There are 2 protein chains.
Amino acid sequence: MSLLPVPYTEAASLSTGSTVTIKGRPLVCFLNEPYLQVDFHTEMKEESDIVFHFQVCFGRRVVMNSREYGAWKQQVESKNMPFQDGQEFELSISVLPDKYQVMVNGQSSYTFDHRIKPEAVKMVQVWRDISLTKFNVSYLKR
Amino acid sequence: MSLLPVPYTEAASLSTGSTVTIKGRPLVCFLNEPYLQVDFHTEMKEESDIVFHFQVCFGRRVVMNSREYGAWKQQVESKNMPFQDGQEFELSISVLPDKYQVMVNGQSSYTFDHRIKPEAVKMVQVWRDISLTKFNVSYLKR
Ligand SMILES: CC(=O)N[C@@H]1[C@@H](O)[C@@H](O)[C@@H](CO)O[C@H]1O
Ligand SMILES: CC(=O)N[C@@H]1[C@@H](O)[C@@H](O)[C@@H](CO)O[C@H]1O
C-alpha cells in the first residue's frame with residue numbers, strides 16, 4: 001500500500017499495554033549498511049529528550065539508549081539481527097510494566113527496561129534508511 | 001527549488017577536472033546526528049565496489065574509504081566539521097590527478113588520494129538523512 005513520509009512524526013501517548021506497530025523495508029541492501037531509528041520523544045520538538053532510542057545498523061548491530069536532559073545515558077548494544085536482507089519487516093514495540101519489548105516479524109528480539117515513565121512520551125519519530133507502509137499506536141487500555 | 005529523490009542515483013563518468021556538485025540540507029538538527037553518504041560506484045548495482053566513500057555524521061566526524069572486491073579498505077577519519085547546524089550545504093568534489101578534493105560551502109575540507117582510477121566510476125549515489133535540491137557532474141574536459 002501507500003508510502004508514509006520518512007522521517008515520520010506522530011504525536012503519541014504510551015501506557016502499559018500500548019503497542020507501536022511499524023511496517024517498512026530498508027532502502028538498500030545490507031552490504032551498504034542502511035540504518036533504522038525509532039525515537040520515543042518527550043515533546044513534539046526533535047531536540048526533545050528520548051525515553052527510548054532504538055537504532056538498527058541492518059546486518060551488524062542494534063543500540064538502545066535514552067537521552068535525558070540533552071545527554072545520552074548507558075548504551076545497550078545487541079548483535080541480535082532478525083532483520084532479513086532485502087525484506088519487508090514488521091516491528092512491534094509493546095509497553096510492559098517494567099520494559100519495552102521489541103518483536104521483529106513476530107519474534108521477541110530486544111527488551112529495554114523503563115528509565116523514564118512511558119507517560120512522559122508525547123511523540124514518536126521513525127527515520128533513516130527505510131520506506132514505511134504502516135505506523136500504528138494502539139489506544140485500547142485505561 | 002524542487003527536491004530530487006533520496007536515495008539519489010545518477011550514471012556518471014569521472015576523469016581529471018570532473019566536478020560533482022551537491023546542494024542539500026540535513027533532515028534534522030545535529031543533536032539527532034543525521035548522516036550524509038556519497039558513494040562513487042564502479043557499476044549501477046548498489047552492491048558494486050566503491051572507489052570513494054564519503055560519510056558525514058553531522059556535528060561529529062567524517063569517514064572516507066573504498067570498498068574493493070566487496071571489502072572495506074583503510075578508513076580515514078576526520079573531525080573537521082565545516083557543516084553548520086540547520087543550514088543548506090554546497091558540497092563540490094573535484095577529481096585532481098592524485099586525489100579527490102572535497103569543498104564544503106567553498107572551503108577545502110577533505111582530500112582522498114586515488115586508490116582506483118576514477119575512470120572505474122560508473123555511478124554516484126547520494127543518500128542518508130538529507131534533502132537534495134542540486135546534483136551535477138561536469139563533463140567539460142577531454
Ligand atoms: C527537559 C528538558 O528541558 N530537556 C532539554 C531538551 O528539550 C533540549 O532543550 C536539550 C538540548 O540539549 O536539553 C535538554 O536538557
Ligand atoms: C569487481 C567485483 O566483482 N566486485 C564484487 C561486487 O560487484 C559485489 O558482487 C561484491 C559483493 O560482496 O563482491 C565484489 O567482489
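Residue positions are given from 1 per chain in written sequence order; they need not agree with the entry numbering, and residues without coordinates are hidden. Written order decides the labels, with chains lettered from A and ligands numbered from 1. Side-chain metrics in this entry use all non-hydrogen atoms of the structure; hydrogen atoms and water are not considered.

Labelled according to the PDB entry, chain A appears under the name Galectin-10, originating from Homo sapiens. According to the PDB record, the title of this entry is "X-ray structure of human galectin-10 in complex with D-N-acetylgalactosamine". UniProt positions are given in the numbering used here, feature names are shortened, and annotations may be inferred rather than shown by experiment. Looking at the Function heading of the UniProt record, one finds this comment for chain A: "Regulates immune responses through the recognition of cell-surface glycans. Essential for the anergy and suppressive function of CD25-positive regulatory T-cells (Treg)." The record in UniProt for chain A states the following under Subunit: "Interacts with CEL."

Asks: Looking at this structure, how should I read the site of ligand 2?
Replies: All names here are of chain B. Neighbouring residues are identified by heavy atoms, a residue being near a molecule or strand if any of them is within 4 Å of it. In the vicinity of ligand 2, the residues found are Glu-47, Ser-48, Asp-49, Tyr-69 and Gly-70. Two N or O atoms count as a polar contact when they lie within 3.5 Å, although within protein this holds only if one can serve as hydrogen donor and the other as acceptor, and sequence-adjacent residues are included solely when both atoms are side-chain atoms. In this structure, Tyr-69 approaches ligand 2 through a main-chain N or O atom, which is 3.4 Å from an oxygen atom. In isolation ligand 2 exposes 380 Å². Once the protein is present, 48% of that is buried. The residue inventory of the shell around ligand 2, partitioned by class, reads one nonpolar, two polar and two charged. Residue burial considers only the protein chains on display, and all accessible areas are found by Shrake-Rupley using a 1.4 Å probe. Note on residue categories: nonpolar means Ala, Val, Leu, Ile, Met, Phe, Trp, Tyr, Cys or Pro, charged means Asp, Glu, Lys or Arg, and polar means any other residue, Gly included.

Asks: Please clarify how the environment of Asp-85 of chain B should be interpreted in this entry.
Replies: Residues and elements named next belong to chain B. Helix numbering and strand numbering both begin at the N terminus, where a helix is a DSSP run of H or I of at least 4 residues and a strand a DSSP run of E of at least 2. Along the chain, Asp-85 falls in the loop between strand 7 (76–78) and strand 8 (89–95). Contact definition: two residues touch when any of their heavy atoms are within 4.5 Å. Apart from the residues lying within four places of it in its own chain, the contact partners of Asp-85 are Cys-29 and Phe-30. A distance of 2.9 Å separates the side chain of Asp-85 from the backbone nitrogen of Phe-30, its partner in a polar contact.

Asks: Please explain the site of ligand 1 as it appears in this structure.
Replies: All names here are of chain A. As a matter of local geometry, ligand 1 sits amid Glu-47, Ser-48, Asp-49, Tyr-69 and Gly-70. Contact between ligand 1 and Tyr-69: an oxygen atom at 3.4 Å from a main-chain N or O atom of the residue. Protein contacts shield 48% of the accessible area of ligand 1, which totals 380 Å² for the unbound molecule. Taken together, the residues that form the shell around ligand 1 break down as one nonpolar, two polar and two charged.

Asks: Would you mind showing me how to read the relation of the copies chain A and chain B here?
Replies: A rotation about an axis combined with a shift along that same axis relates the two copies of the chain. Mapping chain A onto chain B calls for a rotation angle of 180° and an axial translation of 0.0 Å; the resulting RMSD is 0.0 Å. Here the copies are linked by what is in effect a two-fold axis. In terms of C-alpha distance to the rotation axis, chain A has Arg-128 of chain A as its closest residue, with the C-alpha 3.1 Å off the axis. A least-squares fit on C-alpha atoms is used to superpose the copies onto one another.

Asks: Is there a simple way to think about the sheet that holds strand 2 (residues 19–26) of chain B in this case?
Replies: The strands making up a sheet associate through hydrogen bonds between their backbones, and the pairing can be parallel or antiparallel. Residues and elements named next belong to chain B. Across the sheet, five strands lie side by side as 10-9-8-2-12; this open sheet has antiparallel pairing. At either margin of the open sheet sits one strand with a lone partner, and together these are strand 10 (107–113) and strand 12 (130–137). Neighbour to neighbour, the strand axes of the sheet diverge by 20° on average, direction disregarded. Two strands pair when backbone bridges link them, and strand 2 and strand 12 are joined in this way by seven bridges, in the antiparallel orientation. Note that in strand 12 the partner of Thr-21 across the bridge is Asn-136. At least two DSSP bridges between two strands are required for those strands to pair. Only the stretch in contact is used when fitting a helix axis, every axis being a line fitted to C-alpha atoms; angles between N-to-C directions are given from 0 to 180 degrees.

Asks: What exactly am I supposed to notice about the interface of chain A and chain B here?
Replies: Interfaces are frequently sized by the accessible area removed from exposure as the parts join. Chain A puts 18 residues into the contact, and the matching count from chain B is 18 residues. Summing the contributions of chain A and of chain B, the shared interface buries around 1600 Å²; its carbon and sulfur component is 53%. The quantity reported as buried area is the accessible area (1.4 Å probe) lost by two parts once they are put together, taken as the sum for both. Together, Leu-31, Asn-32 and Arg-128 of chain A form the three largest contributors to the area buried by chain A at its contact with chain B, with a combined 31%. Any carboxyl oxygen of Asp or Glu that lies within 4 Å of a side-chain nitrogen of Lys or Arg is treated as forming a salt bridge with it. Linking chain A with chain B are two salt bridges, by the criterion used here. In this structure, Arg-128 of chain A and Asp-129 of chain B form a salt bridge, with 2.9 Å as the shortest nitrogen-oxygen distance. Our enumeration of links across chain A and chain B arrives at 12 residue pairs in polar contact. Elements with a contribution of two residues or more to the side of chain A that touches chain B: strand 3 (35–41) and strand 11 (123–128) of chain A. With three residues, strand 11 of chain A is the largest single contributor of residues to the side of chain A that touches chain B. Class assignment for the residues of the side of chain A that touches chain B results in eight nonpolar, four polar and six charged.

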